[PDB]
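J.: Handing you this structure, nothing more for now.
Ideal geometry is used to build each Cβ from the backbone, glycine not excepted, and the neighbour counts take in all protein chains shown. Nothing in this text is a laboratory measurement; each read-out follows from the coordinates by a stated rule.
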Amino acid sequence: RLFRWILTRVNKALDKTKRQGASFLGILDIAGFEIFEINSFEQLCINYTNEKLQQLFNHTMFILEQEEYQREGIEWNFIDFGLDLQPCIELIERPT
Amino acid sequence: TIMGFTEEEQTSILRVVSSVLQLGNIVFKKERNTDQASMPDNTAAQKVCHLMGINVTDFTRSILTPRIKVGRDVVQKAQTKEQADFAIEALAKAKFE
Amino acid sequence: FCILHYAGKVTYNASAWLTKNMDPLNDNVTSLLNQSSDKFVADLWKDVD
Amino acid sequence: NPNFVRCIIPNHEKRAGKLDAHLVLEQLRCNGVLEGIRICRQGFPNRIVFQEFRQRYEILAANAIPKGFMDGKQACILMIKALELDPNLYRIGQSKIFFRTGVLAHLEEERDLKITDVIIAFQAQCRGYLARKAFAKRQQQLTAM
Amino acid sequence: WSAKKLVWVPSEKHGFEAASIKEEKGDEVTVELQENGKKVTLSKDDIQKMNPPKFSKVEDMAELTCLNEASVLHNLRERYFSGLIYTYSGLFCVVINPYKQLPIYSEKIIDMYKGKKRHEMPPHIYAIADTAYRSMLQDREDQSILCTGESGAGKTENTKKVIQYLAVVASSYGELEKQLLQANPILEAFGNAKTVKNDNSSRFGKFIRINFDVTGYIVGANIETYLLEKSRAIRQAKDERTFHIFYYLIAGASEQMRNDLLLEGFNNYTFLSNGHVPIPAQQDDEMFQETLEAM
Amino acid sequence: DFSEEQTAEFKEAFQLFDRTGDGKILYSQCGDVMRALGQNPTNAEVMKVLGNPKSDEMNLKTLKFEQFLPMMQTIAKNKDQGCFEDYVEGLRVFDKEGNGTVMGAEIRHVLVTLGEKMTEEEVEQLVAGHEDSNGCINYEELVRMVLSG
Ligand SMILES: Nc1ncnc2c1ncn2[C@@H]1O[C@H](COP(=O)(O)OP(=O)(O)O)[C@@H](O)[C@H]1O
Ligand SMILES: [Mg+2]
């Protein structure tokens with residue numbers, strides 16, 4: 001709760017005028033991934049997030065670039081990439 | 001002239017009426033895959049954009065598919081033929097009035 | 001909507017009357033024309049609206 | 001339009017210098033940067049709309065077509081003729097342009113080489129104007145004297 | 001020639017090492033390492049050929065001919081040996097942990113990177129940062145920077161460099177930029193920890209989006225964190241030193257507050273029990289004095 | 001050569017530059033004054049005319065009227081005569097605004113960065129000659145006034 005209050009305080013410190021619509025650009029820094037002997041659930045979630053974003057990068061790059069290649073479809077043929085780990089990360093939770 | 005109008009204002013009025021009459025020359029077509037419109041020929045687009053002297057590429061992207069200031073996020077939504085037309089006559093009526 | 005007017009019965013028709021009534025507009029193009037090259041074409045939209 | 005910058009760790013000793021190859025080898029193998037190398041070798045990494053390409057790169061054309069207010073795609077075809085490239089270097093799309101790496105840098109090199117003569121010619125014109133003004137000043141000073 | 005007689009084959013001192021092409025019998029060849037003159041047999045076609053030895057320190061690995069790896073490793077280690085840390089691949093960049101200090105963040109270089117083409121100067125993270133703004137302005141909107149790596153290494157310095165560079169570019173006299181910059185020390189010193197892999201840590205996922213205008217200048221910002229490791233506090237073990245806040249506010253304050261408070265020594269604390277002397281970072285005057293001035 | 005009125009103008013200019021003795025003619029002097037006399041291009045003329053890169057002494061460089069004339073008529077054939085189209089196109093490419101909001105700063109940058117270079121003296125005579133307001137010209141009036149010699 002003290003950390004929450006201090007982060008809200010620094011927010012209000014940076015709470016200058018909030019205009020809307022002009023432009024923006026985002027920057028993200030995730031926590032790292034480590035393999036240590038004794039781990040709780042939170043570090044497992046962090047590692048799952050890292051694997052999730054790596055899969056996001058791979059799928060984004062390959063699948064999306066190839067789908068625009070078909071979308072214009074001037075002169076192109078299907079190419080093989082593979083490297084998909086979505087079934088591995090799906091095992092986290094699905095009550096179905 | 002008798003009312004006290006310089007000739008340049010009359011030329012500007014003629015420019016406005018020329019723009020509103022030339023505005024309807026825009027022709028759109030389907031994208032063959034989705035509801036997105038297609039704009040293959042910008043002849044009339046270039047003429048009219050130069051008539052108001054604004055950036056056509058920004059104008060073209062906005063008119064063909066505008067970005068909505070919905071407040072949630074920044075999103076541009078695909079439109080249809082009827083939406084583009086409705087915008088065309090809305091602009092025409094606003095200009096004339 | 002056939003009703004008896006001043007002179008006689010008249011014939012009406014619904015053709016998206018609400019659409020004509022609201023008369024939507026695009027803010028993006030309206031904001032674009034807020035700043036234009038020619039003075040008069042700006043005057044068509046220089047007023048706050 | 002995301003952009004990525006990766007990082008690698010060279011050792012477990014937590015010191016500086018004298019790294020070990022196989023650790024970073026495994027790191028790059030799992031990261032799959034080699035797949036990005038394959039796609040950059042094969043795939044086309046540049047997409048440009050027709051109009052901005054038409055306006056931005058016109059000095060090298062050296063043939064200013066005056067048929068304004070029409071023929072955007074025809075202007076693109078004329079620029080392709082002005083580029084005299086082999087069929088593999090270009091693949092015109094419905095609304096974008098497909099190229100391969102290296103053509104863009106060549107374009108900026110050509111245009112930066114081209115603009116030099118124009119700017120130095122304008123500079124020489126300004127020098128001539130200043131020379132004429134100075135000569136007129138000296139002449140009027142002499143006649144006043 | 002026609003084989004270079006030094007094609008890379010897998011080794012143990014390095015991942016791959018050269019091989020001398022000689023008499024071959026059914027792909028079985030007893031190649032010798034020209035660097036060692038040790039004839040070793042080989043049957044598998046594990047040839048990793050090289051480009052001719054004239055492309056020293058290739059700016060981008062696209063002029064090559066064979067898509068091998070040992071030559072790639074050779075280029076990477078050549079760049080590493082000379083401090084050229086910002087090598088990049090096709091459409092993205094890769095770095096290695098320097099563990100050293102270089103004066104590459106000079107303001108003159110910042111000015112020299114101001115608005116140039118990608119192929120004009122040697123690659124550097126400031127060049128990407130500056131290219132980002134022009135990329136945002138040339139198209140409609142929505143630029144983004146994403147970075148990702150094993151554990152925490154550089155997961156923070158590059159973001160700091162980006163923030164500093166954008167603050168330098170941010171202009172129209174810099175008090176708001178100074179506040180935005182000093183915000184990171186506050187959260188960092190209030191959030192850093194000590195870990196076996198790195199005594200510099202980050203107990204959360206940090207995200208930020210700058211807010212621009214038509215000119216592209218800062219108007220405001222907002223930061224949202226994600227799941228600080230709450231359990232770190234009570235548990236304690238080797239290198240499991242909880243947080244710098246306690247370790248440097250145990251004594252980093254006036255004696256008057258010591259009398260007012262109920263602070264204890266490194267042994268009297270029932271909760272705290274370890275030797276915190278492996279702290280070669282600073283002398284903890286900064287942590288409270290500079291934090292107070294920043295606040 | 002044309003009729004003798006150009007020779008008379010050359011003689012009166014010869015009287016006009018009488019510093020350090022009227023008799024001896026300096027290539028630095030004649031080039032500049034003849035640029036004032038309707039010869040805009042002078043960059044390549046330092047090497048094309050002299051045929052010698054020896055530009056050491058500004059005091060005694062041997063140029064005489066007798067050989068100064070035929071060289072001038074050979075140069076008078078108008079080796080190159082540019083026209084305003086390329087100039088205005090290059091300025092518009094150089095123009096980052098299209099109307100003339102703030103031109104002085106980048107004009108100074110390009111002039112101090114250009115190969116032939118301009119010292120700041122040219123910078124203060126820039127503000128004169130109708131170029132007083134901050135970008136009052138959209139690169140057509142300045143073209144007309146510079147093309148007046
Ligand atoms: N780009 C860099 N330049 C210089 N030093 C760095 C860089 N990245 C990391 N370091 C050093 O490595 C340590 C860890 O930093 P970093 O990886 O950014 O944070 P974290 O370890 O929490 O991810 C820091 O103490 C810093 O001195
Ligand atoms: Mg970190």
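J.: Excluding B:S19 itself, what net charge comes from residues whose Cβ is under 10 Å from its Cβ, given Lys and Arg +1 and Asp and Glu -1?
T.: Details: positive: B:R15, B:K47, B:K95; negative: none.
Value of the local net charge: +3.
J.: With a Förster radius of 35 Å, plug the Cβ-Cβ distance of C:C2 and B:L21 into 1/(1 + (r/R0)^6) and report the FRET value to the nearest 0.05. Let's see the in-between values first.
T.: On the way: r = 37 Å, r/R0 = 1.06.
For C:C2 and B:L21, the calculated efficiency is 0.40.
J.: DSSP loop trypsin sites (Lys or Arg not before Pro) in chain B with at most 11 other Cβ atoms within 10 Å of their Cβ, which ones?
T.: Working: sites: B:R15, B:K29, B:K30, B:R32, B:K47, B:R61, B:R67, B:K69, B:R72, B:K77, B:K81, B:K93, B:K95; in loops: B:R32, B:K69, B:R72, B:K77.
Passing both the DSSP loop test and the Cβ count: B:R32, B:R72, B:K77.
J.: Can you compute the label reach from F:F17? Point 7 Å from Cα along the Cβ direction, backbone N cut-off under 18 Å, restricted to region D:122-137.
T.: D:127-137
J.: If you keep only loop residues by DSSP, which chymotrypsin sites (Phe, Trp or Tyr not before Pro) in chain B have at most 12 other Cβ atoms within 10 Å of their Cβ? Kindly include the intermediate steps, with their values, before the conclusion.
T.: On the way: sites: B:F5, B:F28, B:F59, B:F86, B:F96; in loops: B:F5, B:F28.
For chymotrypsin sites (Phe, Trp or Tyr not before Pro) across chain B that sit outside H, G, I, E and B with at most 12 neighbouring Cβ atoms in 10 Å, the list reads B:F5.
J.: Across region D:20-37, in residue order, what do the Karplus-derived ³J(HN,Hα) couplings come to in whole Hz, using 6.51 cos²θ - 1.76 cosθ + 1.60 with θ = phi - 60° and x for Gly and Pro?
T.: Per-residue couplings from phi come out as 10, 6, 5, 5, 5, 4, 5, 4, 6, 5, 6, 5, x, 5, 4, 4, x, 5 Hz.
J.: In deg cm²/dmol, rounded to 500, what helix-only [θ] at 222 nm does chain B give when every DSSP H run of at least 4 residues adds -39500 (n - 2.57) and the total is split over its residues? Provide the component values of the computation, followed by the final result.
T.: Details: 4 runs with 51 residues, N = 97.
Result for chain B: -16500 deg cm²/dmol, rounded to the nearest 500.
J.: For region B:1-66 and region E:249-295, what is the separation of their Cα centres, given in Å?
T.: When both Cα centres are located, 70 Å separates them.
J.: Would you mind checking which residues have amide H under 5 Å from E:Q48's amide H? H placed 1.01 Å from N; only 5 or more apart, or other chain.
T.: Placed amide hydrogens put E:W8 under 5 Å from E:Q48.
J.: Another one. Counting alpha carbon pairs within less than 8 Å and at least 6 residues apart, what relative contact order, in whole percent, applies to chain F? Don't skip to the end; give the middle numbers.
T.: Values: 72 pairs, mean separation 33.5, N = 149.
Averaging sequence separation for qualifying contacts and normalising by length gives 22 percent for chain F.
J.: Would you mind calculating the relative contact order of chain A from Cα pairs under 8 angstrom and at least 6 residues apart, reporting the percent as a whole number? Don't jump to the answer; show the numbers that get you there.
T.: Numbers: 23 pairs, mean separation 20.7, N = 96.
This gives 22 percent for chain A.
J.: Measuring from centroid to centroid over Cα atoms, what is the spacing of region F:16-46 and region A:1-58 in Å?
T.: Measuring centre to centre over Cα atoms gives 71 Å.
J.: Ok, one more. Quick one: in region F:79-149, what % of C-alpha pairs are over 22 Å apart?
T.: Numbers: 485 of 2485 pairs.
Across region F:79-149, Cα pairs with separations above 22 Å total 20 percent.
J.: At q = 0.09, 0.15 Å⁻¹, work out log10 I(q)/I(0) for chain F with the Debye formula, treating every Cα as an identical point scatterer and leaving solvent out; two decimals please.
T.: -0.39, -0.96
J.: What FRET efficiency, computed as 1/(1 + (r/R0)^6) with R0 = 35 Å and r the Cβ-Cβ distance, is obtained for D:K133 and E:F207, rounded to the nearest 0.05? Mind dumping the intermediate values first?
T.: Details: r = 61 Å, r/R0 = 1.73.
So the FRET efficiency works out to roughly 0.05.
J.: Please go through region D:49-106 and write out the GluC sites (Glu not before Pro) that DSSP classes as loop and that have at most 13 other C-beta atoms within 10 Å. Let's see the in-between values first.
T.: Values: sites: D:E52, D:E58, D:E84; in loops: D:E58, D:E84.
Of the GluC sites (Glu not before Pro), the ones in loops of region D:49-106 whose Cβ has at most 13 other Cβ atoms within 10 Å are D:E84.
J.: For the pairs B:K81/C:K20; E:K5/E:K54; E:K155/E:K197; A:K16/B:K69, flag any whose C-alpha to C-alpha distance is greater than 19 Å. Walk me through the numbers before you get to the answer.
T.: Working: B:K81/C:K20 17 Å; E:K5/E:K54 16 Å; E:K155/E:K197 14 Å; A:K16/B:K69 21 Å.
Table pairs above 19 Å Cα-Cα are A:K16/B:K69.
J.: Can you give the % of DSSP beta bridges in the protein assembly as shown that are antiparallel, to the nearest 5? Don't jump to the answer; show the numbers that get you there.
T.: On the way: 33 of 45 bridges.
Restricted to the protein assembly as shown, the bridges split so that about 75 percent are antiparallel.
J.: With each label point set 7 Å from Cα along the Cα-Cβ vector, what nm distance links D:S95 and E:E23?
T.: 6.8
J.: In nm, give the distance between the simple-model label positions of D:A144 and C:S37, each being 7 Å from the Cα along the Cα-to-Cβ direction.
T.: A separation of 4.4 nm, rounded to one decimal place.
J.: Using 10 Å bins from zero, what percent of all Cα-Cα pairs in chain E falls into each bin?
T.: Taking all Cα pairs of chain E, the binned fractions are 5, 19, 23, 20, 16, 11, 5, 1, 0 percent.
J.: For region F:53-69 and region E:130-194, what is the separation of their Cα centres, given in Å?
T.: 61
J.: Could you check how many percent of all C-alpha pairs in region F:1-65 are farther apart than 16 Å? Let's see the in-between values first.
T.: On the way: 1043 of 2080 pairs.
Pairs farther apart than 16 Å: 50 percent.
J.: Can you list the HN-Hα couplings for region E:174-184, worked out from phi with the Karplus curve (6.51, -1.76, 1.60; θ = phi - 60°), rounded to whole Hz and with x for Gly and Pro?
T.: x, 5, 5, 5, 5, 4, 4, 5, 5, 4, 4
J.: Here is a further query. What are the ³J(HN,Hα) couplings of region E:78-94, residue after residue, when phi is run through the Karplus curve with 6.51, -1.76, 1.60 and θ = phi - 60°? Round to Hz, x for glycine and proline.
T.: Couplings: 5, 5, 5, 5, 10, x, 7, 7, 9, 6, 9, 9, x, 6, 7, 10, 9 Hz.
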